[PDB]
Amino acid sequence: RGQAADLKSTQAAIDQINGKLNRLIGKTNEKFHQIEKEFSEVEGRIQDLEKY
Amino acid sequence: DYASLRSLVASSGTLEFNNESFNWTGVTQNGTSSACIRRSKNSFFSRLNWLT
Ligand SMILES: *[C@@H]1O[C@H](CO)[C@@H](O)[C@H](O)[C@H]1NC(C)=O
Ligand SMILES: *[C@@H]1O[C@H](CO)[C@@H](O)[C@H](O)[C@H]1NC(C)=O
Numbered sequence: 361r362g363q364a365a366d367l368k369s370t371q372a373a374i375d376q377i378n379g380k381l382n383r384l385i386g387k388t389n390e391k392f393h394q395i396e397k398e399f400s401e402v403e404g405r406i407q408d409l410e411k412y
Numbered sequence: 104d105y106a107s108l109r110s111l112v113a114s115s116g117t118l119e120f121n122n123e124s125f126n127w128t129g130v131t132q133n134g135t136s137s138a139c140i141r142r143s144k145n146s147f148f149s150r151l152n153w154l155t
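Taken in order, these protein sequences are the chains called B and C.
Count the first sequence with the entry's author numbering and you get residues 361 to 412, in order.
Count the second sequence with the entry's author numbering and you get residues 104 to 155, in order.
Following this line, the structure appears as structure tokens:
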């Protein structure tokens with residue numbers, strides 16, 4: 361009895377996984393100035409809209 | 104800003120009114136009116152005190 365590994369298939373599947381990972385982790389969304397979600401008081405109308 | 108009052112009152116969830124004493128020295132209070140009728144008597148808004 362003996363054991364050996366097929367390198368080509370392993371690396372093909374790993375390459376697919378690598379491309380998937382590259383398409384997810386790398387991206388960065390740049391956003392500077394926004395609305396405020398923390399409200400100190402009760403302001404009625406405008407608070408409800410932006411919270412929604 | 105009728106909508107703002109409507110909103111904040113509804114969001115609170117209670118009409119709990121605690122009657123609070125004031126000075127009102129020098130002005131005639133209560134101030135009934137003909138339009139507001141309570142128990143077939145001239146009257147006014149319950150939570151508001153007319154100063155005459
Ligand atoms: C009400 O106003 C009068 C004005 O002269 C004052 O003397 C009196 O102390 C006041 N009462 C209260 C409870 O603030
Ligand atoms: C309004 O009327 C009642 C008596 O009818 C009495 O409280 C007082 O005369 C007036 N209210 C106040 C808070 O002074």
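Cβ atoms here follow ideal geometry from the backbone N, Cα and C, with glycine treated the same way.
(message) Counting beta carbon pairs with one atom in the region 120-134 of chain C and one in the region 144-155 of chain C, are three or more of them shorter than 8 Å?
(response) The answer is yes - the region 120-134 of chain C touches the region 144-155 of chain C, with three or more Cβ pairs under 8 Å.
(message) Looking at residue 143 of chain C: is its Cβ nearer than 9 Å to the Cβ of residue 404 of chain B?
(response) Taking C-beta atoms as the reference points, residue 143 of chain C and residue 404 of chain B fail to come closer than 9 Å.
(request) Report whether the distance from the Cβ of residue 145 of chain C to the nearest heavy atom of ligand 2 is below 8 Å. (result) Result no, Cβ not under 8 Å from ligand 2.
(request) Report the rounded CA-to-CA distance for residue 137 of chain C versus residue 149 of chain C, giving the unit in angstroms. (result) Between residue 137 of chain C and residue 149 of chain C, the C-alpha separation is close to 14 Å.
(message) At a CB distance below 8 Å, what residues from the region 378-405 of chain B approach chain C? Give them in sequence order.
(response) Within the region 378-405 of chain B, the residues whose Cβ lies closer than 8 Å to some Cβ of chain C are 402, 403, 404, 405, listed in chain order.
(request) For my contact list, residue 147 of chain C and residue 135 of chain C are in at a C-beta cut-off of 8 Å; report their separation, rounded to the angstrom. (result) Contact holds; Cβ gap of about 6 Å.
(request) Using the DSSP secondary-structure output, state which residues sit across from residue 145 of chain C in a beta bridge. (result) Under DSSP, residue 145 of chain C shares a beta bridge with C/140.
(request) Kindly say whether residue 114 of chain C, judged by its beta-carbon, lies nearer than 9 Å to any beta-carbon of chain B. (result) Put simply, the CB of residue 114 of chain C is near chain B, with a gap under 9 Å to one of its CB atoms.
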